[PDB]
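Colleague: Before I ask anything, here is the structure I am working with.
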Amino acid sequence: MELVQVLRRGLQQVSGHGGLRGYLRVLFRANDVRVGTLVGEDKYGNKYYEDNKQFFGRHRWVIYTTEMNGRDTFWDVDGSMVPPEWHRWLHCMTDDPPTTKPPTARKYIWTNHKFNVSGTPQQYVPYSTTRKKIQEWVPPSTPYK
Amino acid sequence: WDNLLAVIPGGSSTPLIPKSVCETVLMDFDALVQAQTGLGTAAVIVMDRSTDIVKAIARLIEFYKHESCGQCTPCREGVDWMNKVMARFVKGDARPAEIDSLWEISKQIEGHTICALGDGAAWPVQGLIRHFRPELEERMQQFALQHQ
Amino acid sequence: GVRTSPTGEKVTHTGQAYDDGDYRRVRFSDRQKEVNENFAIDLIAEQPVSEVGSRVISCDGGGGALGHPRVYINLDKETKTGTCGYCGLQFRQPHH
Amino acid sequence: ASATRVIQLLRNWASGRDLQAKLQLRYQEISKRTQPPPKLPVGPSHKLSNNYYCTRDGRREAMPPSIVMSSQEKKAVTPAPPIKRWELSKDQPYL
Ligand code: SF4
Ligand SMILES: [Zn+2]
């Protein structure tokens, strides 16, 4: 009996992911075919699912967006593509998703979560943030002598 | 005499004394010294049962705060602190622990000032606590129940 | 506000910008000079000055434990506004 | 990230114990990751009176080491009374 139901829900796996094409899309992209309730979505396109039935660690997950900040992320993705508001919910540091509890807004907070900028020409180059200490004599211009 | 609540024997410096003691007290220096007070300047200040003893002692502490010359630390800072504490006490804005805190502050003021004004400001607080702690406790309880 | 030096380098809030005849600028080509656009020097300026109706006022920075240590500012000089030394918020007596 | 009954019997028999009762995967028994705010208590010295640091001082009541002999019948003594032999564990003496 459970064999038949087990064979069956493997078809709900392909039905949930928008048919066969989406099934191979998620299989080749996120390496999983499991379905889950759409907890939310961010402005960059990442979709955020949760399934409390899964054991602690895989109860929440992301399908990363195809495109972010002028970069194709269909095939290459990383953990820095998580916006700061949702990084709390994803890492099980809270049970309140940004959809229900949104983080407090302030002027200085960014509006475009840049990913790891290492490698790309938008890297970070250390430099001294202080001015000079010893000044020079700046000799006069009149020949005089 | 039944309507007498308290007697200040010799001015603000001398601690007050309750009616039970006032029944039989000679007015010499030694007799009042045995009565945990002083003859001072023989300034009899009688307060009847219709007197807010907390209010009167707080007014005395306010006088001492206004008259402190501010030279030494215990009188400059301590007396003002006692004034604030007694101002809260009059409205009962405190808890039972600050009564002992005020006693400790008064003891810290005593014997640590250049002149005797620090002791003359600490003594009224000590007398008021020693003879009317239940009054402060009950006023504080009334304020607590009202602020509910 | 962040502005551009004659060479082209953006000056930070600390007034830092490499000189034209400075080789160190080599590090920034094919990269960018990481600077913070939100200047604290400006951002604190437009914060309204609170009309406190008392001689002195206590500032904790807002949020209690979330803010700075609570300090008391004396608002007695009518020619200036008392400014907290921790967060920069100003206060002023109601026209004295 | 649930096994069928047929599989559970195979796992249980191959191991000889009820694995479903005690699993190494945490499903829902864990504490909720969001918790109510706590109110921490105070120590034994959060008193408003009789709290002078002279009594509570720990560092200032450490005297210098006490010398018992310097270079500038009497029964033999021991650093301490001898250890007492340990006893077998009544819970599980022999493993
Ligand atoms: S105790 Fe006497 S000397 Fe000290 S501040 Fe008060 S008035 Fe001045
Ligand atoms: Zn401040």
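Letters A, B, ... mark the chains of the structure tokens in the order given; residue numbers begin at 1 per chain; ligand numbers begin at 1, in order shown.
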As an NGL selection string, please: every protein or nucleic acid residue near ligand 1 (cut-off 10 Å, counting only C-alpha atoms and all ligand atoms).

Modeller: :B and (64-79 or 109-121)

Colleague: Could you please write out, as a ChimeraX atom specification, every residue of chain C that DSSP assigns to strand (DSSP E)?

Modeller: /C:50-51,56-59,71-74,82-83,90-92

Colleague: Taking only C-alpha atoms and all ligand atoms and a cut-off of 10 Å, can you tell me which residues surround ligand 2, written as an NGL selection string?

Modeller: :C and (58-62 or 67-73 or 83-90)

Colleague: Output N, CA, C and O atoms of each residue in that selection to a file, as a short mmCIF file (atom, residue, chain, number, x, y, z; two decimals), in the first residue's frame.

Modeller:
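Output file again11.cif follows:
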```cif
data_model
loop_
_atom_site.label_atom_id
_atom_site.label_comp_id
_atom_site.auth_asym_id
_atom_site.auth_seq_id
_atom_site.Cartn_x
_atom_site.Cartn_y
_atom_site.Cartn_z
N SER C 58 17.73 65.07 29.95
CA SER C 58 18.48 63.82 29.89
C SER C 58 18.29 63.18 28.53
O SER C 58 17.16 63.05 28.04
N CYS C 59 19.40 62.79 27.91
CA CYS C 59 19.39 62.09 26.63
C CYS C 59 20.04 60.73 26.81
O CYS C 59 21.11 60.62 27.42
N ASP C 60 19.38 59.69 26.29
CA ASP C 60 19.91 58.34 26.28
C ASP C 60 20.10 57.80 24.88
O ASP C 60 20.53 56.65 24.72
N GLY C 61 19.80 58.60 23.85
CA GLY C 61 19.90 58.16 22.48
C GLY C 61 18.71 57.39 21.96
O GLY C 61 18.72 56.98 20.79
N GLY C 62 17.68 57.18 22.78
CA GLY C 62 16.51 56.44 22.36
C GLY C 62 16.69 54.94 22.47
O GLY C 62 17.72 54.40 22.05
N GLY C 67 20.46 52.59 23.31
CA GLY C 67 21.12 53.86 23.06
C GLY C 67 22.46 53.97 23.75
O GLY C 67 23.12 52.97 24.06
N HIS C 68 22.88 55.20 23.97
CA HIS C 68 24.13 55.54 24.63
C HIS C 68 23.91 55.77 26.12
O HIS C 68 22.76 55.86 26.58
N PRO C 69 24.98 55.84 26.92
CA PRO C 69 24.81 56.17 28.33
C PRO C 69 24.08 57.49 28.51
O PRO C 69 24.34 58.47 27.81
N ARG C 70 23.14 57.51 29.46
CA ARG C 70 22.30 58.68 29.65
C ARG C 70 23.10 59.83 30.24
O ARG C 70 23.78 59.66 31.26
N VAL C 71 23.02 60.99 29.60
CA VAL C 71 23.74 62.18 30.05
C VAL C 71 22.77 63.35 30.14
O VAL C 71 21.78 63.42 29.42
N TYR C 72 23.09 64.28 31.03
CA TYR C 72 22.25 65.43 31.30
C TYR C 72 22.91 66.68 30.73
O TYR C 72 24.05 67.00 31.06
N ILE C 73 22.17 67.39 29.87
CA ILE C 73 22.64 68.60 29.21
C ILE C 73 21.97 69.80 29.86
O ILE C 73 20.76 69.79 30.11
N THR C 83 23.90 70.18 22.91
CA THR C 83 24.04 69.04 22.01
C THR C 83 24.62 67.87 22.78
O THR C 83 25.66 68.01 23.44
N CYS C 84 23.96 66.72 22.71
CA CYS C 84 24.47 65.53 23.37
C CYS C 84 25.81 65.13 22.78
O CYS C 84 25.98 65.11 21.56
N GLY C 85 26.76 64.81 23.65
CA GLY C 85 28.09 64.45 23.19
C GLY C 85 28.20 63.07 22.59
O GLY C 85 29.25 62.74 22.02
N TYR C 86 27.16 62.25 22.70
CA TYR C 86 27.17 60.89 22.20
C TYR C 86 26.50 60.75 20.84
O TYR C 86 27.08 60.13 19.93
N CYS C 87 25.30 61.30 20.66
CA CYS C 87 24.54 61.14 19.43
C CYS C 87 24.39 62.41 18.61
O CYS C 87 23.99 62.32 17.45
N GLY C 88 24.70 63.58 19.17
CA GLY C 88 24.65 64.82 18.42
C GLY C 88 23.31 65.51 18.37
O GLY C 88 23.21 66.57 17.75
N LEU C 89 22.28 64.95 19.00
CA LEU C 89 20.98 65.61 19.03
C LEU C 89 21.05 66.90 19.83
O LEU C 89 21.70 66.97 20.88
N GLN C 90 20.38 67.93 19.33
CA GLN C 90 20.37 69.25 19.96
C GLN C 90 19.10 69.46 20.77
O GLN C 90 18.07 68.81 20.54
#
```

Colleague: From the set D:8, D:89, D:66, D:49, which residue has the shortest atom-to-atom contact distance to residue 2 in chain A, counting only C-alpha atoms?

Modeller: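 Of D:8, D:89, D:66, D:49, the one nearest residue 2 in chain A is D:8, counting only C-alpha atoms.
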
Colleague: Find the spatial neighbours of residue 27 in chain C, counting only C-alpha atoms, within a cut-off of 12 Å - ignore same-chain residues fewer than 3 positions away - and output them as a PyMOL selection string.

Modeller: (chain A and resi 121+123-128) or (chain C and resi 18+22-24+30-34)

Colleague: What does the file look like for those residues with N, CA, C and O atoms, as an mmCIF file, in the first residue's frame?

Modeller:
```cif
data_model
loop_
_atom_site.group_PDB
_atom_site.id
_atom_site.type_symbol
_atom_site.label_atom_id
_atom_site.label_comp_id
_atom_site.auth_asym_id
_atom_site.auth_seq_id
_atom_site.Cartn_x
_atom_site.Cartn_y
_atom_site.Cartn_z
ATOM 1 N N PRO A 121 35.245 43.789 -10.754
ATOM 2 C CA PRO A 121 35.947 45.073 -10.590
ATOM 3 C C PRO A 121 35.327 46.005 -9.556
ATOM 4 O O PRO A 121 35.795 47.135 -9.385
ATOM 5 N N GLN A 123 35.508 45.380 -6.389
ATOM 6 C CA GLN A 123 36.132 44.869 -5.178
ATOM 7 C C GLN A 123 36.311 45.990 -4.155
ATOM 8 O O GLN A 123 35.978 47.153 -4.391
ATOM 9 N N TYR A 124 36.851 45.627 -2.995
ATOM 10 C CA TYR A 124 37.183 46.584 -1.949
ATOM 11 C C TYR A 124 38.698 46.649 -1.821
ATOM 12 O O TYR A 124 39.351 45.620 -1.616
ATOM 13 N N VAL A 125 39.249 47.848 -1.944
ATOM 14 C CA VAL A 125 40.687 48.085 -1.862
ATOM 15 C C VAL A 125 40.965 48.863 -0.581
ATOM 16 O O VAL A 125 40.475 49.990 -0.431
ATOM 17 N N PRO A 126 41.725 48.311 0.363
ATOM 18 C CA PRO A 126 42.032 49.056 1.587
ATOM 19 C C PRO A 126 42.881 50.282 1.287
ATOM 20 O O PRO A 126 43.727 50.272 0.391
ATOM 21 N N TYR A 127 42.644 51.344 2.050
ATOM 22 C CA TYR A 127 43.422 52.565 1.917
ATOM 23 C C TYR A 127 43.327 53.352 3.215
ATOM 24 O O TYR A 127 42.390 53.181 4.000
ATOM 25 N N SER A 128 44.314 54.215 3.434
ATOM 26 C CA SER A 128 44.320 55.047 4.628
ATOM 27 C C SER A 128 43.196 56.072 4.554
ATOM 28 O O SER A 128 43.037 56.763 3.544
ATOM 29 N N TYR C 18 43.458 60.960 -2.375
ATOM 30 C CA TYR C 18 44.855 60.863 -2.776
ATOM 31 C C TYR C 18 45.211 61.979 -3.749
ATOM 32 O O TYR C 18 44.410 62.363 -4.605
ATOM 33 N N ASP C 22 50.273 61.206 -6.652
ATOM 34 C CA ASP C 22 50.433 60.130 -5.683
ATOM 35 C C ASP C 22 50.276 58.792 -6.390
ATOM 36 O O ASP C 22 49.264 58.554 -7.058
ATOM 37 N N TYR C 23 51.278 57.923 -6.240
ATOM 38 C CA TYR C 23 51.239 56.621 -6.896
ATOM 39 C C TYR C 23 50.173 55.706 -6.312
ATOM 40 O O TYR C 23 49.739 54.770 -6.994
ATOM 41 N N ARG C 24 49.738 55.957 -5.076
ATOM 42 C CA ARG C 24 48.804 55.060 -4.406
ATOM 43 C C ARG C 24 47.499 54.896 -5.172
ATOM 44 O O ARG C 24 46.873 53.833 -5.081
ATOM 45 N N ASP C 30 40.704 50.004 -12.136
ATOM 46 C CA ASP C 30 39.981 48.742 -12.296
ATOM 47 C C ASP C 30 39.245 48.325 -11.027
ATOM 48 O O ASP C 30 38.709 47.212 -10.962
ATOM 49 N N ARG C 31 39.201 49.195 -10.021
ATOM 50 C CA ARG C 31 38.439 48.983 -8.799
ATOM 51 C C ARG C 31 37.703 50.285 -8.502
ATOM 52 O O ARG C 31 37.635 51.186 -9.344
ATOM 53 N N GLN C 32 37.143 50.394 -7.302
ATOM 54 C CA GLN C 32 36.509 51.627 -6.868
ATOM 55 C C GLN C 32 36.983 51.979 -5.468
ATOM 56 O O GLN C 32 37.308 51.102 -4.662
ATOM 57 N N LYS C 33 37.035 53.279 -5.192
ATOM 58 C CA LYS C 33 37.383 53.774 -3.865
ATOM 59 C C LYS C 33 36.164 53.607 -2.971
ATOM 60 O O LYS C 33 35.199 54.367 -3.067
ATOM 61 N N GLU C 34 36.199 52.596 -2.103
ATOM 62 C CA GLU C 34 35.078 52.326 -1.213
ATOM 63 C C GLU C 34 34.853 53.498 -0.268
ATOM 64 O O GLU C 34 35.685 53.768 0.604
#
```

Colleague: Need to verify the contact set: residue 46 in chain B, 9 Å, only C-alpha atoms, exclusion of same-chain residues closer than 6 positions in sequence. Can you return it as a PyMOL selection string?

Modeller: chain B and resi 4-9

Colleague: Select from range 25-81 of chain A everything DSSP, run on the backbone, classes as alpha helix (DSSP H), then give the selection as a PDB file with N, CA, C and O atoms, in the first residue's frame.

Modeller:
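Saved as result-v4.pdb:
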```
ATOM      1  N   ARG A  25      14.033  21.911 -14.200  1.00  0.00           N
ATOM      2  CA  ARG A  25      14.647  23.187 -13.847  1.00  0.00           C
ATOM      3  C   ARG A  25      15.145  23.173 -12.407  1.00  0.00           C
ATOM      4  O   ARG A  25      16.316  23.470 -12.136  1.00  0.00           O
ATOM      5  N   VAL A  26      14.270  22.807 -11.467  1.00  0.00           N
ATOM      6  CA  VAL A  26      14.676  22.779 -10.064  1.00  0.00           C
ATOM      7  C   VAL A  26      15.648  21.634  -9.797  1.00  0.00           C
ATOM      8  O   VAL A  26      16.534  21.756  -8.943  1.00  0.00           O
ATOM      9  N   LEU A  27      15.507  20.509 -10.507  1.00  0.00           N
ATOM     10  CA  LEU A  27      16.416  19.387 -10.296  1.00  0.00           C
ATOM     11  C   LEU A  27      17.839  19.733 -10.720  1.00  0.00           C
ATOM     12  O   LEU A  27      18.802  19.378 -10.030  1.00  0.00           O
ATOM     13  N   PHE A  28      17.994  20.419 -11.850  1.00  0.00           N
ATOM     14  CA  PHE A  28      19.305  20.798 -12.351  1.00  0.00           C
ATOM     15  C   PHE A  28      19.853  22.054 -11.691  1.00  0.00           C
ATOM     16  O   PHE A  28      21.070  22.267 -11.714  1.00  0.00           O
ATOM     17  N   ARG A  29      18.992  22.889 -11.109  1.00  0.00           N
ATOM     18  CA  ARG A  29      19.445  24.123 -10.479  1.00  0.00           C
ATOM     19  C   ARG A  29      19.689  23.943  -8.982  1.00  0.00           C
ATOM     20  O   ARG A  29      20.808  24.145  -8.500  1.00  0.00           O
TER      21      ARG A  29
END
```

Colleague: Give me the residues within 12 Å of residue 96 in chain C as a compact mmCIF listing (two decimals) with C-alpha atoms, in the first residue's frame, counting only C-alpha atoms and dropping any in the same chain fewer than 2 places off.

Modeller:
```
# COMPACT_ATOMS: atom_id res chain seq x y z
CA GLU C 51 12.30 72.54 22.25
CA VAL C 52 12.82 71.20 25.76
CA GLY C 53 10.91 73.15 28.39
CA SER C 54 13.30 72.50 31.28
CA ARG C 55 16.66 73.91 32.35
CA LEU C 75 20.18 74.32 28.57
CA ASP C 76 20.98 77.72 30.05
CA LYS C 77 22.93 79.63 27.39
CA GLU C 78 20.41 81.26 25.05
CA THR C 79 23.07 81.78 22.35
CA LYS C 80 23.62 78.05 21.72
CA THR C 81 21.68 74.77 21.75
CA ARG C 92 16.89 74.28 23.28
CA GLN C 93 14.89 76.06 25.98
CA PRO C 94 11.53 77.39 24.72
```

Colleague: Which polymer residues have any atom within 12 Å of an atom of residue 11 in chain A, counting only C-alpha atoms, with same-chain residues fewer than 6 positions away left out, as a ChimeraX atom specification?

Modeller: /A:4-5,17-20,23,33-35

Colleague: Write a file of the just-selected residues containing C-alpha atoms, as a PDB file, in the first residue's frame.

Modeller:
```
ATOM      1  CA  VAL A   4       1.769   2.822  -4.323  1.00  0.00           C
ATOM      2  CA  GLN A   5       1.459   6.092  -2.392  1.00  0.00           C
ATOM      3  CA  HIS A  17       7.141  22.343  -9.950  1.00  0.00           C
ATOM      4  CA  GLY A  18       5.099  23.685 -12.865  1.00  0.00           C
ATOM      5  CA  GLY A  19       5.164  20.425 -14.784  1.00  0.00           C
ATOM      6  CA  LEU A  20       8.070  18.476 -16.202  1.00  0.00           C
ATOM      7  CA  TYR A  23      10.790  19.783 -12.514  1.00  0.00           C
ATOM      8  CA  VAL A  33      12.676  18.212  -6.252  1.00  0.00           C
ATOM      9  CA  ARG A  34      10.896  18.571  -2.915  1.00  0.00           C
ATOM     10  CA  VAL A  35       7.988  21.000  -2.790  1.00  0.00           C
TER      11      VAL A  35
END
```

Colleague: Taking only residues of chain C that have an atom at most 12 Å from an atom of chain A, what is each one's shortest atom pair and its distance in Å to one decimal, using only C-alpha atoms, in chain and number order, as a tab-separated table?

Modeller:
```
residue	atom	partner	partner_atom	distance
C:11	CA	A:129	CA	9.8
C:12	CA	A:129	CA	7.8
C:13	CA	A:129	CA	9.1
C:14	CA	A:130	CA	6.7
C:15	CA	A:131	CA	7.1
C:16	CA	A:131	CA	5.8
C:17	CA	A:131	CA	8.1
C:18	CA	A:131	CA	9.1
C:19	CA	A:131	CA	10.7
C:24	CA	A:127	CA	8.7
C:25	CA	A:127	CA	9.6
C:26	CA	A:125	CA	10.6
C:27	CA	A:125	CA	6.9
C:28	CA	A:125	CA	6.9
C:29	CA	A:121	CA	9.0
C:30	CA	A:121	CA	5.7
C:31	CA	A:121	CA	5.0
C:32	CA	A:122	CA	6.1
C:33	CA	A:125	CA	6.9
C:34	CA	A:124	CA	6.2
C:35	CA	A:129	CA	9.7
C:36	CA	A:108	CA	9.9
C:37	CA	A:108	CA	9.1
C:38	CA	A:108	CA	6.4
C:39	CA	A:108	CA	9.5
C:40	CA	A:108	CA	9.9
C:43	CA	A:108	CA	9.3
```

Colleague: Kindly save the residues from that selection, with C-alpha atoms included, as a PDB file, in the first residue's frame.

Modeller:
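Below is the file again.pdb, written as the result:
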```pdb
ATOM      1  CA  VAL C  11      36.422  62.482  -0.880  1.00  0.00           C
ATOM      2  CA  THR C  12      35.257  60.613   2.207  1.00  0.00           C
ATOM      3  CA  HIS C  13      33.688  62.143   5.313  1.00  0.00           C
ATOM      4  CA  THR C  14      37.212  62.339   6.780  1.00  0.00           C
ATOM      5  CA  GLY C  15      38.356  64.549   3.897  1.00  0.00           C
ATOM      6  CA  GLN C  16      40.595  61.840   2.432  1.00  0.00           C
ATOM      7  CA  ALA C  17      41.571  61.980  -1.242  1.00  0.00           C
ATOM      8  CA  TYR C  18      44.855  60.863  -2.776  1.00  0.00           C
ATOM      9  CA  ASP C  19      46.889  63.600  -4.440  1.00  0.00           C
ATOM     10  CA  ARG C  24      48.804  55.060  -4.406  1.00  0.00           C
ATOM     11  CA  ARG C  25      45.884  55.798  -6.763  1.00  0.00           C
ATOM     12  CA  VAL C  26      47.176  52.830  -8.793  1.00  0.00           C
ATOM     13  CA  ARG C  27      45.327  50.593  -6.331  1.00  0.00           C
ATOM     14  CA  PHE C  28      41.964  52.112  -7.286  1.00  0.00           C
ATOM     15  CA  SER C  29      42.094  51.677 -11.067  1.00  0.00           C
ATOM     16  CA  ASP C  30      39.981  48.742 -12.296  1.00  0.00           C
ATOM     17  CA  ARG C  31      38.439  48.983  -8.799  1.00  0.00           C
ATOM     18  CA  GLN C  32      36.509  51.627  -6.868  1.00  0.00           C
ATOM     19  CA  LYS C  33      37.383  53.774  -3.865  1.00  0.00           C
ATOM     20  CA  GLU C  34      35.078  52.326  -1.213  1.00  0.00           C
ATOM     21  CA  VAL C  35      33.368  55.323   0.409  1.00  0.00           C
ATOM     22  CA  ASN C  36      30.193  55.706   2.457  1.00  0.00           C
ATOM     23  CA  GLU C  37      27.705  58.069   0.834  1.00  0.00           C
ATOM     24  CA  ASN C  38      25.656  58.546   4.017  1.00  0.00           C
ATOM     25  CA  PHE C  39      27.749  61.255   5.677  1.00  0.00           C
ATOM     26  CA  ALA C  40      27.224  61.499   9.432  1.00  0.00           C
ATOM     27  CA  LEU C  43      22.835  63.476   8.436  1.00  0.00           C
TER      28      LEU C  43
END
```

Colleague: Considering only C-alpha atoms, extract the chain D residues located within 12 Å of chain A and return them as a list in words.

Modeller: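 Here they are: residues 1, 2, 3, 4, 5, 6, 7, 8, 23, 24, 25, 26, 27, 28, 29, 30, 31, 32, 33, 34, 35 and 36 of chain D.
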
Colleague: Selection from above, N, CA and C atoms, as a CSV table (one decimal), in the first residue's frame, can you write it?

Modeller:
```csv
chain,number,residue,atom,x,y,z
D,1,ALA,N,15.6,15.3,3.4
D,1,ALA,CA,14.5,15.6,4.4
D,1,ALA,C,13.2,14.8,4.0
D,2,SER,N,9.6,9.4,8.3
D,2,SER,CA,9.1,9.6,7.0
D,2,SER,C,9.2,8.3,6.2
D,3,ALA,N,10.0,7.4,6.7
D,3,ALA,CA,10.2,6.1,6.0
D,3,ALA,C,8.9,5.3,6.1
D,4,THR,N,8.7,4.5,5.1
D,4,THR,CA,7.5,3.6,5.0
D,4,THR,C,7.6,2.5,6.1
D,5,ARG,N,6.4,1.9,6.4
D,5,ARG,CA,6.4,0.9,7.5
D,5,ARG,C,7.3,-0.3,7.1
D,6,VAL,N,7.2,-0.7,5.9
D,6,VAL,CA,8.0,-1.8,5.4
D,6,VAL,C,9.5,-1.5,5.7
D,7,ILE,N,9.9,-0.3,5.4
D,7,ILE,CA,11.3,0.1,5.6
D,7,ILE,C,11.7,0.1,7.0
D,8,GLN,N,10.8,0.7,7.9
D,8,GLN,CA,11.1,0.8,9.3
D,8,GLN,C,11.4,-0.5,9.9
D,23,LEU,N,15.4,9.1,17.3
D,23,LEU,CA,16.1,9.4,16.0
D,23,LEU,C,17.1,10.5,16.3
D,24,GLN,N,18.1,10.6,15.4
D,24,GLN,CA,19.2,11.6,15.4
D,24,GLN,C,18.8,12.8,14.6
D,25,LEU,N,17.6,12.9,14.1
D,25,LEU,CA,17.1,14.0,13.3
D,25,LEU,C,16.0,14.7,14.1
D,26,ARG,N,16.2,16.0,14.3
D,26,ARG,CA,15.3,16.8,15.1
D,26,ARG,C,14.2,17.3,14.2
D,27,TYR,N,12.9,16.9,14.4
D,27,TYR,CA,11.8,17.3,13.5
D,27,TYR,C,11.0,18.4,14.1
D,28,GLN,N,10.4,18.3,15.2
D,28,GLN,CA,9.6,19.4,15.8
D,28,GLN,C,9.7,19.5,17.3
D,29,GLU,N,10.4,18.6,18.0
D,29,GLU,CA,10.5,18.7,19.5
D,29,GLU,C,11.5,19.8,19.9
D,30,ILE,N,12.2,20.4,19.0
D,30,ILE,CA,13.2,21.4,19.3
D,30,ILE,C,12.4,22.7,19.9
D,31,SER,N,13.1,23.5,20.7
D,31,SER,CA,12.6,24.7,21.2
D,31,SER,C,12.4,25.7,20.0
D,32,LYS,N,11.4,26.5,20.1
D,32,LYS,CA,11.1,27.5,19.0
D,32,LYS,C,12.2,28.5,18.9
D,33,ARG,N,12.7,28.7,17.7
D,33,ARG,CA,13.8,29.6,17.5
D,33,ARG,C,13.5,31.1,17.9
D,34,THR,N,12.3,31.5,18.0
D,34,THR,CA,11.9,32.7,18.6
D,34,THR,C,11.3,32.5,19.9
D,35,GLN,N,11.9,33.2,20.9
D,35,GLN,CA,11.5,33.0,22.3
D,35,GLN,C,11.1,34.3,23.0
D,36,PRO,N,10.2,34.2,24.0
D,36,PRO,CA,9.8,35.4,24.7
D,36,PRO,C,11.0,36.1,25.4
```

Colleague: Can you check which residues of chain B have any atom within 10 Å of chain D? Use only C-alpha atoms and format it as a list in words.

Modeller: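 Per the criterion, chain B yields residues 96, 97, 98, 99, 100, 101, 102, 103, 104 and 105 of chain B.
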
Colleague: Do you know which residues are at most 7 Å from range 135-141 of chain B counting only C-alpha atoms, after dropping those on the same chain fewer than 3 positions away, and could you put them as a ChimeraX atom specification?

Modeller: /B:89,92-96,132,144-145

Colleague: Quick one: of B:87, B:43, B:53, B:31, who's nearest to residue 18 in chain B, counting only C-alpha atoms?

Modeller: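 Distance minimum relative to residue 18 in chain B lands on B:53.
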
Colleague: Could you check how far CA of residue 64 in chain A sits from CA of residue 105 in chain A, in Å to one decimal?

Modeller: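 CA of residue 105 in chain A lies at a distance of 24.2 Å from CA of residue 64 in chain A.
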
Colleague: Expressed in Å to a single decimal, how great is the separation between CA of residue 43 in chain A and CA of residue 103 in chain A?

Modeller: 14.6 Å
